[PDB]
Protein chains: 2
Amino acid sequence: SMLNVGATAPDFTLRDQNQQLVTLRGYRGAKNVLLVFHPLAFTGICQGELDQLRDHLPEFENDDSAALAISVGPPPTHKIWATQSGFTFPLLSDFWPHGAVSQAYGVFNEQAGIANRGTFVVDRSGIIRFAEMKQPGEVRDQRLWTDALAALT
Amino acid sequence: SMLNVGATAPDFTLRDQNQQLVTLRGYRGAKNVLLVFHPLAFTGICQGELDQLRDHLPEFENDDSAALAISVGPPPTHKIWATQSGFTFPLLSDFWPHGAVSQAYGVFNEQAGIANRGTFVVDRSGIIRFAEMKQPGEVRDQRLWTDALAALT
């Protein structure tokens with residue numbers, strides 16, 4: 001049920017770790033956007049994936065591109081996790097309604113109540129140009145993300 | 001509405017911070033149970049309340065009594081929070097379905113997606129003998145909790 005390439009990316013307005021509202025449409029005309037859905041703060045695979053994003057942030061957050069992480073945790077969880085891990089990119093809360101944005105992108109695990117490892121690249125017109133979804137026990141290849149953003153510069 | 005004194009405490013089975021299963025019925029015939037519902041890990045007032053509980057734990061967790069903290073966070077959140085705070089009592093996850101136990105006890109905040117500051121004492125036969133609910137911005141008086149437990153030894 002993952003939204004595929006060519007679809008309009010569902011707009012959302014979610015709180016980041018500072019309780020600031022972030023809207024996907026705010027980036028239109030300005031930047032390509034990488035959306036990194038993931039299961040849960042303070043779990044091993046998620047830590048590894050976001051640590052790698054952190055460690056390569058200039059490839060993902062720059063004049064051409066922005067990166068947003070999205071999970072079902074509320075802002076205080078994300079704030080502690082980001083501060084302790086050195087994450088400076090936005091971590092957005094798909095918290096209440098629980099998983100609504102993850103559901104809209106077709107990447108919600110209804111059984112477990114978490115997003116799967118869904119990744120999208122949204123172009124400057126708001127269209128999905130890259131889409132994948134791995135299971136919670138898998139790890140994503142971030143080369144695909146940089147390959148996808150490079151095609152839209 | 002909050003369940004009242006006299007009512008039978010709804011049964012539940014929830015995961016603790018170590019992903020072990022805790023059931024309310026398990027304590028029947030053995031211990032009085034203090035149920036401490038609270039909004040969110042890693043927030044100020046919740047930290048104060050559970051730190052006070054921690055600092056006086058032998059008054060709540062002993063031969064006669066058990067104490068269970070319940071919130072909408074998942075176990076990994078509660079594991080980190082408990083490790084960093086030195087909490088050795090169970091923190092239970094009312095995570096998915098989101099707030100279901102909190103709703104059964106009548107202490108869920110539907111607008112915010114969190115439990116209010118609901119507290120119950122369940123006697124050895126499963127009957128609610130103490131019941132309160134404060135708002136997220138309020139702080140409970142833990143003297144009432146120790147008094148309630150002391151009446152039931």
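Quick note on labels: first sequence line is chain A, next is B, and so on, each numbered from 1. As a basis for the values below, the full set of heavy atoms in this structure was taken, side chains included, without hydrogen atoms, waters or symmetry mates.
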| query | Would you say the side chain of A:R117 lies within less than 4.5 Å of the side chain of A:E132, judging by non-hydrogen atoms? | reply | no
| query | With a 3.5 Å cut-off and no angle check, do the side chains of B:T23 and B:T13 form a donor-acceptor pair? | reply | yes
| query | Is it true that the side chains of A:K79 and A:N18 contain a donor and an acceptor less than 3.5 Å apart? | reply | yes
| Parallel under 30°, tilted from 30 to 60°, perpendicular over 60°: which one fits the rings of A:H98 and B:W96? | tilted
| request: Tell me yes or no: between the side chains of B:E49 and B:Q142, is some donor less than 3.5 Å from an acceptor? | output: no
| said: Side chains of B:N32 and B:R124, heavy atoms from C-beta outward: is any pair under 4.5 Å? | reply: yes
| task | Search all heavy atoms of A:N116 against all heavy atoms of A:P136 and return the closest pair with its distance. | result | OD1-CD, 3.3 Å
| said: For B:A82, is there any backbone N or O sitting under 3.5 Å from a side-chain donor or acceptor partner on B:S85? | reply: no
| query | Do the rings of B:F87 and B:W81 sit parallel, tilted or perpendicular, given the 30° and 60° boundaries? | reply | perpendicular
| remark: Closest heavy-atom pair, B:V72 versus B:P39, reported as atoms and distance to 0.1 Å, is CG2-O, 4.2 Å
| Is it true that A:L14 and A:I114 fall in one hydrophobic cluster, defined by side-chain heavy atoms closer than 4.5 Å? | no
| said: Would you say the ring centers of B:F12 and B:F37 fall short of 6.0 Å from each other? | reply: no
| request: List the atom of B:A66, the atom of B:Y27, and the distance in Å for their closest heavy-atom pair. | output: CB-CE2, 3.5 Å
| task | Tell me whether A:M133 is reachable from A:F120 by hopping between hydrophobic residues (I, L, V, M, F, W, Y) whose side-chain heavy atoms are closer than 4.5 Å. | result | yes
| said: Quick check on B:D63: does its CG atom have over 12 non-hydrogen neighbours (other residues, nucleotides or ligands) under 6.0 Å away? | reply: no
| A:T119 side chain to A:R140 side chain, donor-acceptor N/O pair below 3.5 angstrom | yes
| said: Could you tell me if the side chain of B:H38 sits less than 4.5 Å from the side chain of B:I70, heavy atoms only? | reply: no
| message | Tell me every residue that passes side-chain contact (heavy atoms from CB on, under 4.5 Å) with A:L57, counting only those two or more places apart in sequence or in another chain. | response | A:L53, A:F60, A:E61, A:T88, A:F89
| said: Using every non-hydrogen atom in the two residues, find where A:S93 and A:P74 come nearest and quote the distance to one decimal. | reply: OG-C, 3.2 Å
| task | Mind running side-chain hydrogen bond (donor to acceptor under 3.5 Å, both in side chains) on B:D16 and B:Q20 for me, showing each step along the way? | result | CA-CA 5 Å; B:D16 73 14; B:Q20 301 290 342; over 6 Å; no
| said: Just so I know, are the side chains of A:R54 and A:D51 near enough to count as touching, which here means a heavy-atom distance under 4.5 Å? | reply: yes
| message | Whether the side chain of A:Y105 engages the backbone of A:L3 through a donor-acceptor N/O pair (distance < 3.5 Å, no angle test) should be reported. | response | no
| Which atoms form the tightest heavy-atom contact between A:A41 and A:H78, and what is the distance? | CB-CD2, 4.2 Å
| message | For a 4.5 angstrom cut-off between non-hydrogen side-chain atoms, does A:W145 reach A:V36? | response | yes
| query | Taking C-beta and beyond as the side chain, do A:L92 and A:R15 meet within less than 4.5 Å on heavy atoms? | reply | no
| said: Taking A:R25's backbone N and O only, do any of them form a donor-acceptor pair with A:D11's side chain (distance below 3.5 Å, no angle check)? | reply: yes
| request: Group every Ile, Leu, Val, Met, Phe, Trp and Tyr by side-chain heavy-atom contacts under 4.5 Å, then state whether B:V107 and B:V33 land in the same group. | output: yes
| Are the side chains of A:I127 and A:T8 in touch, meaning some heavy atoms are under 4.5 Å apart? | yes
| remark: On a heavy-atom basis, the closest approach of B:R143 and B:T146 is O-OG1, 3.1 Å
| Path from B:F130 to B:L149 over hydrophobic side-chain contacts below 4.5 Å | yes
| field | Any donor-acceptor N/O pair, A:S65 side chain to A:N62 backbone, under 3.5 Å | value | no
